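Using PDB author numbering, you'd call the opening residue of the sequence shown number 2 and step up by one each time.
Following: one structure in C-alpha cells, then a few remarks.
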Amino acid sequence: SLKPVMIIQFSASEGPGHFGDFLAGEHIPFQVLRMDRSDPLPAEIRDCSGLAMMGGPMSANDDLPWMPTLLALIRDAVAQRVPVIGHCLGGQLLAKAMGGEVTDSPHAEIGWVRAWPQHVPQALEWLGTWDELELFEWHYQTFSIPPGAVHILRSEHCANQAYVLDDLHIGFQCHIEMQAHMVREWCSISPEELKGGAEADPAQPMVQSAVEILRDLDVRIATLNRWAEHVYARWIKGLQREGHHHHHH
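Encoded structure:
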C-alpha cells in the first residue's frame, strides 16, 4: 500500500528504463506523468512516496507551461522530505529548483565517458566505491552544484556529474537508467548528433560515433546496471511511508 513513486517523463522515447524495472522488481508502485502531453502535476507532493525525473529533449531553461509548477513541486518535495532522483534533465531541474543554474557546456558529452567519484564519504555511500566509473552521456548543458548539496562525481569535460542533497535527493548529469535497447533506439532516432553525423561539430572532444557507442554494448550495460542498482537501492531507503498505528489481521 505504499504511495506510488511519481515519475516525470518529458518525451515518449525517454522512459524509466532500468529504474522502472528496478521498482517493478521491488514491487514498488509507480505512476508516470508525461509533461509533453500536458499531464497535470499533483498539487500535493505528499501524494507520492518519492519523485523521479527522467531526461528530455529540451533545455532546463526553456519556457514551458509546466515549468513553474514543477520547480515548485520539487521544492515542496525537498521541504517535505519526499526524496527526489533526477536523471540528466531531471538532475538539472532538481538543481535549478534548489537555486542552481544550468548553462551550456564548453564541450558536449555523447557516449561513454570516464568519471571519478569525489573523495567524500557520500560518494562511497551512494555510488558504492571511489573507483573510476563509466557513464552514459548525451548532453549539452550542465548544472551548478545546488546550495547545500555535496558534489560526488566528475568527468574531464563535465565536473558536475552528480550531487546529493540532505542524505535524500540525488541528481545525475549522466543516464544511470540505460538499457542496451534504449542506447540503440536513441542512436537510431538521432544519428546526426553522433561523431561523423550531419549536425555534429567535428571539433567535439567527447562526442562518440555510433560504432563506439555500440561497441561491447551489452557487457558495458550490465556493468552500468550493477552500480545503478546500488544507487537505486540507497535512494529507495528514503521513500516516504505511512506508519501503521495498528494491524489489520
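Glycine included, each C-beta is placed from N, C-alpha and C at the ideal position.
- Give the secondary structure of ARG216 by DSSP, where H, G and I count as helix, E and B as strand, and everything else as coil. Residue state, collapsed to three classes: coil.
- Task: Under the assumption that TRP127 contacts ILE111 (Cβ atoms under 8 Å), give the Cβ distance between them as a whole number of angstroms.
- Result: Actually they are not in contact, since the Cβ atoms of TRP127 and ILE111 sit about 25 Å apart, beyond 8 Å.
- Message: Please report the straight-line C-alpha distance between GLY21 and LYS196, rounded to a whole angstrom.
- Response: 30 Å
- Task: Label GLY18 either buried or exposed according to how many other C-beta atoms from any shown protein chain fall within 10 Å of its C-beta, with 16 as the threshold for buried.
- Result: buried
- Query: Can the beta-carbon of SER14 be found less than 8 Å from the beta-carbon of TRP187?
  - Reply: yes
- Task: Determine, using beta carbons only, whether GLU193 comes closer than 8 Å to chain D.
- Result: No chain D is part of this structure, which consists of one protein chain only.
- Query: Relative to the C-alpha of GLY129, which residue among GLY239, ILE8, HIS231 is closest?
  - Reply: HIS231
- Task: Starting from the C-beta of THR104, find all residues in its chain whose C-beta is less than 8 Å away, skip the five residues before and the five after it, and write them out in chain order.
- Result: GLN142, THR143, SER145
- Please specify which runs of the beta strand (DSSP E), each continuous and at least 3 residues long, are wholly inside the stretch 120 to 172, giving them in chain order. 134 to 144, 150 to 156, 163 to 166
- Might you give, ordered along the chain, the residues of its own chain that have their beta carbon closer than 6 Å to the beta carbon of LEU136, omitting 5 neighbours on each side? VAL114, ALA116, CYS175
- Using the C-alpha atoms, what's the distance from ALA181 back to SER191? Between the alpha carbons of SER191 and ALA181 lies a gap of roughly 16 Å.
- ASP167 versus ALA98 - alpha carbon distance: 15 Å
- Straight-line Cα distance separating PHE173 from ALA229: 11 Å
- Query: Contact check, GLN10 vs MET59 under 8 Å by CB: the rounded distance?
  - Reply: Contact flag wrong, Cβ pair sits at about 12 Å.
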